[PDB]
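K.L.:
pasting an experimental structure with its sequence.
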Amino acid sequence: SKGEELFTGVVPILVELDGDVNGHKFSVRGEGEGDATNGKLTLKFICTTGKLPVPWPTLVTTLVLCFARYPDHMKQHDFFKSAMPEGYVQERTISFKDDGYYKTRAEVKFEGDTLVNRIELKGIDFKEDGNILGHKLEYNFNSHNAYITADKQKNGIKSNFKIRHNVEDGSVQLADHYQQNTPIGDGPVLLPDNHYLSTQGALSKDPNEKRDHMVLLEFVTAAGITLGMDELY
């Protein structure tokens, strides 16, 4: 696959989410750009339906792993770019401990020149005054590593990882993620050795923006592939 050639520069991003958590419906639209050479995402998200009924940090993982920076010696393990431009389906179950769960299905693919992430989310069994529907989580996102393994019996990858959201009282709300990715087209995809993605993110606000929104700067870098002096030639 030559899909990685689509990411050598800066690529515009469109994110569209439709969500329904305990019958609380909402839509989010995000726009920005991705710079895979640096592993950098710069995006601004707006809740187009008014007030977001869940905390913005709980949507970060749902709201484009094709922009991760894979080191040169690891580029053969980059499933996400190898599926492009046709793209991949990304599905998750996010189980919040002692609370409800999200189910998400997204398509990540190029539409013209733009990398688009289009998501449907359903949230079920939440406590109406839990940490999520009650908005008890701090506006931040800790740095976090997510382990990636191949799923050959599905021609894709899988990952499970825990996000630890900071609760305002000082406790931690666990969000247990189970993820699977499968290509959309029939072209060849790279199925990787075990590795992980290392993610950092900074969340902020646009002072001139009155809509409910999140400004996000995110860095994603691949690591964990044991590398020796043999690749040195």
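P.N.:
Yes, it's here. Numbering: from 1, shown residues only.

K.L.:
make sure residue 81 is indeed in a helix.
P.N.:
Yes. Counting by DSSP: H, G, I helix; E, B strand; the rest coil, residue 81 is part of a helix.

K.L.:
residues in contact with the residue nearest to it when sequence neighbours are not counted?
P.N.:
Leaving out its chain neighbours, the residue that sits closest to residue 81 by CB to CB, 6 or more residues apart in numbering is residue 4, at 4.3 Å. All C-beta spots, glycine's among them, are computed from the backbone N, C-alpha and C. Each residue near residue 4 by CB atoms under 8 Å, 6 or more residues apart in numbering is listed here: 75, 78, 81, 82, 84.

K.L.:
repeat that for residue 74.
P.N.:
195, 222, 225, 227.

K.L.:
got the contacts of residue 4 as JSON lines, with distance to residue 19 and neighbour count columns?
P.N.:
Below are the contacts of residue 4 laid out as JSON lines (distance: CB to CB, whole Å; neighbours: other CB atoms under 10 Å):
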{"residue": "75", "distance to residue 19": "34", "neighbour count": "13"}
{"residue": "78", "distance to residue 19": "29", "neighbour count": "26"}
{"residue": "81", "distance to residue 19": "27", "neighbour count": "23"}
{"residue": "82", "distance to residue 19": "29", "neighbour count": "22"}
{"residue": "84", "distance to residue 19": "25", "neighbour count": "26"}
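
K.L.:
from residue 174, how far out is the residue most central in space within the chain?
P.N.:
Centroid check for the chain by CA atoms, centre = their mean gives residue 61 as the closest residue, at 3.8 Å. For residue 61, the distance to residue 174 equals 13 Å [CB to CB, to the nearest Å].

K.L.:
any residues in contact with both of the two?
P.N.:
residue 163.

K.L.:
what lines up beside the host helix or strand of residue 119 in the sheet?
P.N.:
Per DSSP states H and E, residue 119 falls inside strand 114-124. Counting by DSSP bridges, the strands paired with strand 114-124 are strand 10-21 (parallel), strand 101-111 (antiparallel).

K.L.:
and residue 171, what is it in contact with?
P.N.:
Residue 171 neighbours (CB under 8 Å, 6+ apart): none.
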